[PDB]
Number of protein chains: 2
Amino acid sequence: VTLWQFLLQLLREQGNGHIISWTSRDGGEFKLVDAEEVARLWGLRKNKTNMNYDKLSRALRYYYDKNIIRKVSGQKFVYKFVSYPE
Amino acid sequence: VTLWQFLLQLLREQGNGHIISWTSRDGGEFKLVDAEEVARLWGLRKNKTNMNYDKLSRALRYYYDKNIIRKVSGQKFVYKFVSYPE
DNA sequence: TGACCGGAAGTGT
DNA sequence: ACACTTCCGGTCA
DNA sequence: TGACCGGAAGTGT
DNA sequence: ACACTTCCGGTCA
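Turning to the protein's contact with DNA strand F, a few remarks are in order. Residue and element names in this part refer to chain B. Close to DNA strand F lie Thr2, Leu3, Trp42, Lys46, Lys48, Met51, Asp54, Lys55, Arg58, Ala59, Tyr62 and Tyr63, which account for all nearby residues. Taken together, the sugar and phosphate atoms account for 73% of what DNA strand F places within 4 Å of the protein. Contact distances for DNA strand F include 2.8 Å between a phosphate oxygen and a side-chain N or O atom of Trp42. Between a phosphate oxygen of DNA strand F and a side-chain N or O atom of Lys55, the distance comes to 2.6 Å. Sorting elements by how many residues they give to the surface near DNA strand F places helix 3 (residues 53–64) first, with six residues. The residue makeup of the surface near DNA strand F, split by class, is six nonpolar, one polar and five charged.

Further remarks concern the sheet that holds strand 1 (residues 21–24) of chain B. Residue and element names in this part refer to chain B. Spatially, four strands are ordered 1-2-4-3 in an open sheet, and the strand pairing comes out antiparallel. With one partner strand each, in any of the chains shown, strand 1 and strand 3 (69–71) form the two edges of the open sheet. Direction aside, neighbouring strands of the sheet carry axes that sit 35° apart on average. Across three bridges, strand 1 lies against strand 2 (residues 29–31) in antiparallel orientation. Bridging across to strand 2, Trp22 finds its partner in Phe30. Sheet contacts for helix 1 (residues 3–13): strand 1, strand 2, strand 3 and strand 4 (78–81); angle to strand 4, the most-contacted strand, approximately 105°. Docked against the sheet, helix 3 engages strand 3 and strand 4, running at close to 110° with respect to strand 3.

Here we take up the environment of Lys31 of chain A. All names here are of chain A. For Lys31, the location among the structural elements is in strand 2 (residues 29–31). Judged by relative accessible area, which is 32%, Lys31 ranks as partly exposed. The spacing of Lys31 and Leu11 is 20 residues in sequence and 9.9 Å in space, taken between C-alpha atoms. If near-sequence neighbours (up to four positions away) are discounted, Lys31 is found in contact with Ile19, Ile20, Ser21, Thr23, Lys76, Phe77 and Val78.

Once that is clear, we can look at the environment of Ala39 of chain B. With respect to the helices and strands, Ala39 of chain B occurs in helix 2 (residues 35–45). Residue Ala39 of chain B is classed as buried on the basis of its relative accessible area of 0%.

In this section: the side chain of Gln14 of chain A. The residue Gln14 of chain A is located in the loop between helix 1 (3–13) and strand 1 (21–24) in this model. Looking at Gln14 of chain A, its side chain comes within polar contact range of the main-chain oxygen of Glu13 of chain B, at 2.8 Å. Once residues lying within four places of it in the same chain are set aside, the contact partners of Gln14 of chain A are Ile19 and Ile20 of chain A together with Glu13, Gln14 and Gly15 of chain B.

Here we take up the packing of helix 1 of chain A against helix 3 (residues 53–64) of chain A. Each packed pair of helices is defined by two parameters, the angle between the axes and the distance between the axes. All names here are of chain A. Their axes nearest at 10 Å, the elements helix 1 and helix 3 cross at an angle of 115°. As far as their axial angle goes, helix 3 and helix 1 are roughly perpendicular. Counted together, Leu3, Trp4 and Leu7 of helix 1 and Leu56, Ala59, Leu60 and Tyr63 of helix 3 form the full contact between these two elements. Class assignment of the residues belonging to the contact of helix 1 with helix 3 gives a composition of seven nonpolar, no polar and no charged.

Each value, and the rule that gives it
Residues numbered from 1 in each chain as written, not as in the entry; some residues may be left out. Chains lettered and ligands numbered in written order. Heavy atoms only, no water. Near = heavy atom within 4 Å. Polar contact = N/O pair within 3.5 Å; in protein donor to acceptor, adjacent residues only side chain to side chain. Helix = DSSP H or I, 4+ residues; strand = E, 2+ residues; numbered from the N terminus. Nonpolar A, V, L, I, M, F, W, Y, C, P; charged D, E, K, R; others polar. Pairing = 2+ DSSP bridges. Axes fitted to C-alpha atoms, helices over the stretch in contact; angles between N-to-C directions. Contact = heavy atoms within 4.5 Å. Buried < 20%, exposed > 50% of the residue type's maximum accessible area, 1.4 Å probe, protein only. Parallel < 35°, antiparallel > 145°, perpendicular 65-115°, else oblique.

Now the structure itself:
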């Protein structure tokens, strides 16, 4: 499972916005409300308990040149799926 | 992703027990608090909006002979992972 | 002074 | 081959 | 009278 | 080959 797919799953599956939330769903923009918790969970998808936001954020940065995800400048922990979140 | 893996993910990732919850964790027993919602989400993992509990429960029944999951008799919506999770 | 950035080497399939 | 993972030195507000 | 059960045929990789 | 998915007739409490 890829990081972007996982993020999409969390946004779809969480019952609330305590750890992740759409900021502007129309635009595919979302915020990692509890970045370290989202990272913990991401690491656990690979059976690791040590994933943190510094490493997950780097993975997201790796997406910039792939035109998969981009940063929403000026807003902390907010990112944007460039290809409509379907 | 398999149904049992998905269930394990929900139990690990949900911030509360509004749709799924461990009943006796060391025993690997859990309850589908909102069975139809858990089913909806399961279907969406495969890009389908029509998965319901009747079909998901059948998938779980298919697990009985595989010694992966068993029913916790006498309790509605409660099942048991036979192989230690966490 | 914390979030964000990107190079460079390593991991697991 | 590919999708990150792991470090981490440096920038920006 | 709803949750649970299991046969039998079909789907997608 | 495998892991369900889809129907659904019947049981149990």
